[PDB]
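So this one's two forms of a single chain, laid out as structure tokens and tagged structure 1 and structure 2.
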Structure 1
């Protein structure tokens, strides 16, 4: 559990040493990217001017009901998913806003680390908290879905919705489906 702690501490130290202005310029660049993604005009890479690359720490997730506090990395790889939670490529960056749907991926049933093993315990009305680039965002669970992996490329940004989905492989030790726990933006 104390690997997540050190990564999150190092993140918190680094983001608190950036000028408020520089963080605000990054959040505007990200909001434009999320808008272009929603509008179908984004390329299949993040714009280079975001300076966000695969394995960069963007912040952390807390899921109070299941004792989860994990760092959030941009991208998904065998390496990121051994360590924490990955923003799925081609989904909204998790800074909130109407017309956003960020997908956060992590493993169920790894040997020595829980990660998203217990997101199958989450129910309508359970909250999770994102701490991303000095923004505090609250999400309340309002849907659970279990889908074939082909449906992940079919995931839609919903008009006028602010959604974050927690994605893991399902069922435990078999991993042929994807479990999707959808939160909708709520008051902190």
Structure 2
């Protein structure tokens, strides 16, 4: 179905696989700084210039085995990027992990015309998903499922001492009048 996505994941892997260790290290450091700054209210409302992560860049992919999901993750959630796939929500942590982080990954199947995160409505507490982001392998386990209105925002905030990623899909299917949130907590050791 999703020709463009599959090709996207391939591109990303080849391309990250050929970036110099040093450069990957220095990029992760700058993301790590951003997330800390963001938890501390000192970020501005756009990524800092030197990350050279723009709206539309692909950062890696997500796998959810129990529901056969493997999708690229873009930065940003403007309508043109959500037409392509899952996007990191602006003002949330970039999904590299760490205490005091919470990345939100937004999927809109009404725009995308692809299932994307539709089946996250079958996940339950304890189910697992994996992120593959700038050479990091991260694992999360679901611990909160909630349906929420499109401008409700509280359960998307960073929690002190926690490493969270929320999966967000418009909901119910075909109607897109709410957001279903599926929050996972880091299951790798810190």
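Positions refer to the first chain, counted from 1. Whichever C-alpha set is largest while still superposing within 1.5 Å between the two forms counts as the rigid core.
Asks: Which of the listed residues (155, 137, 141, 70) moves its Cα by 2 Å or more between the two structures when the core is kept in place?
Replies: Only 155 moves by 2 Å or more at its C-alpha.
Asks: So, superposing on the core, is the move of residue 101 at the CA at least 2 angstroms between the two structures?
Replies: Comparing forms between the two structures, the residue 101 CA shifts below 2 Å.
Asks: State yes or no: after fitting on the rigid core, is the Cα displacement of residue 79 between the two structures at least 2 Å?
Replies: Yes; that C-alpha moves by at least 2 Å between the two structures.
Asks: What does the CA of residue 113 shift by between the two structures after fitting on the core? Give it in Å to one decimal.
Replies: Once the two forms are fitted on their core, the shift reads 2.2 Å.
Asks: So with the rigid core superposed, the C-alpha of residue 171 shifts by how many Å between the two structures?
Replies: So the C-alpha of this residue moves 1.0 Å.
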